[PDB]
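Shown next as structure tokens: one chain only, the form deposited in one PDB entry.
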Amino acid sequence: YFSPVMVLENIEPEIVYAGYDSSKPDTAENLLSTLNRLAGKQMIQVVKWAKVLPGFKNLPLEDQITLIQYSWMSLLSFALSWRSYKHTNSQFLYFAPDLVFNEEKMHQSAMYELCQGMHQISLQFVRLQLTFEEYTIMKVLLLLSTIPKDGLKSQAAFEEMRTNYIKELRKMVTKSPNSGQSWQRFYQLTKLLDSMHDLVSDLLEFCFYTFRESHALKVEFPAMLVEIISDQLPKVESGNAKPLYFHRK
């Protein structure tokens, strides 16, 4: 099928600014609108990254779109956990260099409990001493972690790409052994990936609610998000989504 991990390290999108206006009142609507603007810019980076991801081009265009649309929240949350870990040792939520959430911002954004759920993932990065190599492979696995209930147009091609990145993750964990054993670390990483589905389910519930009442709440959505959410919301709410778990329940 195929160093794919060294390609991943080099194609990682550069950090972008939120364009946060600290002179404007820190209302839930202003903070959420800033976060949405930032997500729109990061989704453009995600698409550019996916385009040069080894093996992604082999999948048909319709499947590439499906995968990006189902996984967008997972990818954004996982990268936020990484930035939080790398730049603050997971003390804060590092959305961007100009937008770092402390307890005050978590309360002001009206998303305190969701932010705490996210902060718990970045704390697991500290516990595990997650490496950049592990992180990049895991992020590809998240892009490939949600499919339609009736599967993709090219299901076999998708499964081949997914299997090969799981093999890459298993090869990578050998570099961080305890005794010299690495099976333990592999299952700690797959448990971590599986736990992203429940956190993302809660983030999407909040997102969809704000999307359905955006003008009433004074929350703005960039075009990229309008397009993604408009397609994803009826698919997710009708149960057409299928999260792929390494370890059931």
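Note that residue numbering follows the sequence shown and begins at 1. What we label the rigid core is the largest C-alpha set whose atoms superpose within 1.5 Å from one form to the other.
Note that the form deposited in another entry isn't included here; everything after this is about it.
- The comparison between the shown form and the other one, aligned on the rigid core, picks out a single residue among 146, 136, 77, 109 whose CA moves by 2 Å or more, and that residue is 109.
- Compared with the form shown here, the Cα atoms of residue 195 and residue 110 move at least 3 Å closer together in that other deposited form.
- The distance between the CA atoms of residue 116 and residue 103 is at least 3 Å shorter in that other deposited form than in the form shown here.
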